[PDB]
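Enquirer: Here it is, the structure in full.
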Amino acid sequence: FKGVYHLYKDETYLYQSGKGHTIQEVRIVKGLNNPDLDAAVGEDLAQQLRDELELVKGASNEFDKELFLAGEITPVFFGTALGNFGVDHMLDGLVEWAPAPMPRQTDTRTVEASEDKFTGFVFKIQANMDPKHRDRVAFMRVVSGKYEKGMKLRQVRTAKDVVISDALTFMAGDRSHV
RNA sequence: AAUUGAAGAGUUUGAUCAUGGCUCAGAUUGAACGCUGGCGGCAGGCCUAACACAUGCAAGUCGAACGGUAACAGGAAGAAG
């Protein structure tokens, strides 16, 4: 494993072995026929890249944002989460293409994310240990509207209005105020 | 007018009386447990570890004390939305 050639940026990010604990030095080789790709990767491996890329173009797909959002093509990234190599592109891809908050359906209406008036829905009451409480802390999604600490909300099911104060924000498997 | 209220029974012996302990009926509870459980009023609720505590809150207030401008507000010598 020498790295990955980016098809759309037309350049080659070079993998360094065992820097998986931090982020390695970004070391690019610009051209796909740049004779430094041959030097940095060995001309043998360099041609197999060129060969495979030929076949790839005749049997694959161009990334189309519309078909991706329709769930009909997947952008495939090759990498290694252990070597911490490939993660950041798929992130660039994540930020670049992936939807802002989407509308959730209800027995009333299509609920736009753009709307105001808070509208969350739980979805999980995680395996609450939890360092000094039963807590439970139900995990809510927030479909629309802005939550603010002292606001008053309505539990639709029990039809009882509830005031909110202690409302967790989870900084990675960890309660945080708030 | 304002403290004027006191019950005994069971068991030692073949039987008896006396002694004498044990036990029972009452009232009481910050109670617990078992079975059960429909309301409401009022009150009560760590008696054990003065054992250790995540999180929020439980003490601040005066510009008619003072230098003052960091915010929202009125208006300004001048330009104007």
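Following the order of the structure tokens, first chain is A, next is B, and so on, with residues numbered from 1 inside each chain and ligands from 1 in the order they appear.
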Given a cut-off of 9 Å, which residues of chain B touch chain A, counting only C-alpha atoms (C1' of nucleotides), written out as number ranges by chain?

Expert: B: 53-56

Enquirer: With C-alpha atoms (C1' of nucleotides) retained, write the just-selected residues as a PDB file, in the first residue's frame.

Expert:
```pdb
ATOM      1  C1'   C B  53     -21.334  12.757  46.747  1.00  0.00           C
ATOM      2  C1'   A B  54     -21.950  13.843  39.760  1.00  0.00           C
ATOM      3  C1'   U B  55     -25.471  18.164  38.228  1.00  0.00           C
ATOM      4  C1'   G B  56     -28.702  22.714  38.985  1.00  0.00           C
TER       5        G B  56
END
```

Enquirer: Would you list the contacts of residue B:47 as a list in words, taking every protein, DNA or RNA residue within 12 Å and counting only C-alpha atoms (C1' of nucleotides), but skipping same-chain residues closer than 6 positions in sequence?

Expert: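 The filter keeps residues 29, 30, 31 and 32 of chain B.
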
Enquirer: Residues of the last selection are to be written out with C-alpha atoms (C1' of nucleotides), as a PDB file, in the first residue's frame.

Expert:
```pdb
ATOM      1  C1'   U B  29     -45.851   4.077  66.873  1.00  0.00           C
ATOM      2  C1'   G B  30     -41.796   8.763  62.010  1.00  0.00           C
ATOM      3  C1'   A B  31     -42.773   1.688  62.076  1.00  0.00           C
ATOM      4  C1'   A B  32     -41.590  -2.604  58.966  1.00  0.00           C
TER       5        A B  32
END
```

Enquirer: Tell me, which residues of chain A carry DSSP strand (DSSP E), written as a PyMOL selection string?

Expert: chain A and resi 3-6+11-14+28-29+123-124+139-140+152-155+160-163

Enquirer: Export N, CA and C atoms of the chosen residues as a short mmCIF file (atom, residue, chain, number, x, y, z; two decimals), in the first residue's frame?

Expert:
```
data_model
loop_
_atom_site.label_atom_id
_atom_site.label_comp_id
_atom_site.auth_asym_id
_atom_site.auth_seq_id
_atom_site.Cartn_x
_atom_site.Cartn_y
_atom_site.Cartn_z
N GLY A 3 -0.56 4.36 -1.18
CA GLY A 3 -1.44 5.51 -1.05
C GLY A 3 -2.64 5.43 -1.97
N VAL A 4 -3.31 6.55 -2.18
CA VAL A 4 -4.43 6.57 -3.12
C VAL A 4 -4.32 7.69 -4.13
N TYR A 5 -4.69 7.38 -5.37
CA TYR A 5 -4.78 8.38 -6.41
C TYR A 5 -6.20 8.91 -6.48
N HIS A 6 -6.31 10.22 -6.33
CA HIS A 6 -7.60 10.87 -6.37
C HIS A 6 -7.99 11.08 -7.83
N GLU A 11 -4.43 13.78 -8.50
CA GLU A 11 -3.17 13.83 -7.77
C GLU A 11 -3.08 12.62 -6.85
N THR A 12 -1.91 12.42 -6.28
CA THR A 12 -1.64 11.19 -5.55
C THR A 12 -1.13 11.46 -4.15
N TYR A 13 -1.95 11.12 -3.17
CA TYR A 13 -1.58 11.27 -1.78
C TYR A 13 -0.81 10.04 -1.35
N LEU A 14 0.36 10.26 -0.75
CA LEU A 14 1.29 9.18 -0.44
C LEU A 14 1.20 8.72 1.01
N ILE A 28 1.74 15.03 -1.60
CA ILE A 28 1.09 14.85 -2.90
C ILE A 28 2.06 14.70 -4.07
N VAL A 29 1.69 13.87 -5.04
CA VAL A 29 2.38 13.82 -6.34
C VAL A 29 1.39 14.15 -7.46
N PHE A 123 -35.71 9.09 20.22
CA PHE A 123 -35.31 7.99 19.33
C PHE A 123 -34.45 6.98 20.08
N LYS A 124 -34.02 7.36 21.28
CA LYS A 124 -33.11 6.51 22.03
C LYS A 124 -32.93 6.97 23.48
N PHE A 139 -32.16 10.51 24.21
CA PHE A 139 -31.51 11.18 23.08
C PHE A 139 -32.54 11.66 22.08
N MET A 140 -32.60 12.97 21.86
CA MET A 140 -33.56 13.57 20.95
C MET A 140 -32.89 14.12 19.69
N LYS A 152 -40.24 26.43 27.15
CA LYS A 152 -41.29 25.51 27.54
C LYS A 152 -41.70 24.68 26.34
N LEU A 153 -41.83 23.37 26.54
CA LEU A 153 -42.15 22.46 25.45
C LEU A 153 -43.37 21.60 25.78
N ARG A 154 -43.84 20.86 24.78
CA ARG A 154 -45.02 20.02 24.94
C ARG A 154 -44.75 18.58 24.52
N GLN A 155 -44.92 17.65 25.45
CA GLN A 155 -44.82 16.24 25.12
C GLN A 155 -46.14 15.82 24.49
N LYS A 160 -48.92 16.81 27.96
CA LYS A 160 -48.59 17.63 29.12
C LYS A 160 -47.46 18.58 28.77
N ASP A 161 -47.63 19.86 29.09
CA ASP A 161 -46.59 20.85 28.82
C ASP A 161 -45.46 20.76 29.83
N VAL A 162 -44.23 20.73 29.34
CA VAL A 162 -43.06 20.54 30.19
C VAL A 162 -42.03 21.64 29.99
N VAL A 163 -41.54 22.20 31.10
CA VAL A 163 -40.47 23.18 31.06
C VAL A 163 -39.13 22.46 31.08
#
```

Enquirer: I need the residues of chain A that end up classed as helix (DSSP H, G or I) by DSSP on the backbone, written out as a ChimeraX atom specification.

Expert: /A:35-41,43-59,65-69,87-97

Enquirer: Check the smallest atom-to-atom distance from each of A:99, A:143, A:90, A:61 to residue A:114 using only C-alpha atoms, then report the winner.

Expert: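 Of A:99, A:143, A:90, A:61, the one nearest residue A:114, counting only C-alpha atoms, is A:143.
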
Enquirer: Can you list, as a count of residues only, every protein, DNA or RNA residue that comes within 9 Å of stretch 18-26 of chain A when you count only C-alpha atoms (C1' of nucleotides), leaving out same-chain residues fewer than 2 positions away?

Expert: 10

Enquirer: Any idea what's packed within 12 Å of residue A:60, counting only C-alpha atoms (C1' of nucleotides), ignoring anything in its chain fewer than 5 positions away? Could you give it as a PDB file with N, CA and C atoms, in the first residue's frame?

Expert:
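As a result, around.pdb now contains:
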```
ATOM      1  N   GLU A  52      -5.463  -0.098 -14.298  1.00  0.00           N
ATOM      2  CA  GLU A  52      -6.715  -0.267 -13.578  1.00  0.00           C
ATOM      3  C   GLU A  52      -7.629   0.922 -13.817  1.00  0.00           C
ATOM      4  N   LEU A  53      -7.042   2.113 -13.827  1.00  0.00           N
ATOM      5  CA  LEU A  53      -7.804   3.336 -14.026  1.00  0.00           C
ATOM      6  C   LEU A  53      -8.486   3.359 -15.386  1.00  0.00           C
ATOM      7  N   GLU A  54      -7.858   2.713 -16.363  1.00  0.00           N
ATOM      8  CA  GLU A  54      -8.438   2.589 -17.691  1.00  0.00           C
ATOM      9  C   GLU A  54      -9.711   1.761 -17.596  1.00  0.00           C
ATOM     10  N   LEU A  55      -9.579   0.566 -17.024  1.00  0.00           N
ATOM     11  CA  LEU A  55     -10.710  -0.339 -16.854  1.00  0.00           C
ATOM     12  C   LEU A  55     -11.802   0.279 -15.993  1.00  0.00           C
ATOM     13  N   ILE A  73     -26.183   6.094  -6.399  1.00  0.00           N
ATOM     14  CA  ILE A  73     -24.740   5.839  -6.466  1.00  0.00           C
ATOM     15  C   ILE A  73     -24.036   6.202  -5.157  1.00  0.00           C
ATOM     16  N   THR A  74     -22.973   5.472  -4.854  1.00  0.00           N
ATOM     17  CA  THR A  74     -22.187   5.734  -3.663  1.00  0.00           C
ATOM     18  C   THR A  74     -20.822   6.207  -4.076  1.00  0.00           C
ATOM     19  N   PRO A  75     -20.365   7.308  -3.477  1.00  0.00           N
ATOM     20  CA  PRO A  75     -18.965   7.696  -3.649  1.00  0.00           C
ATOM     21  C   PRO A  75     -18.091   6.724  -2.873  1.00  0.00           C
ATOM     22  N   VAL A  76     -17.234   5.985  -3.567  1.00  0.00           N
ATOM     23  CA  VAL A  76     -16.372   5.024  -2.894  1.00  0.00           C
ATOM     24  C   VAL A  76     -15.005   5.614  -2.622  1.00  0.00           C
TER      25      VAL A  76
END
```

Enquirer: May I have the residues within 9 Å of residue A:77 as a list in words, using only C-alpha atoms (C1' of nucleotides) and disregarding those fewer than 4 positions away in the same chain?

Expert: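 So the residues in contact are residues 86, 87, 89 and 90 of chain A.
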
Enquirer: Have a look at atom CA of residue A:45 and atom CA of residue A:32 and let me know their distance in Å, one decimal.

Expert: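 So the two atoms, atom CA of residue A:45 and atom CA of residue A:32, lie 12.4 Å apart.
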
Enquirer: Could you tell me how far atom CA of residue A:174 sits from atom CA of residue A:135, in Å to one decimal place?

Expert: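 Taking atom CA of residue A:135 as the start and atom CA of residue A:174 as the end point, the length is 12.4 Å.
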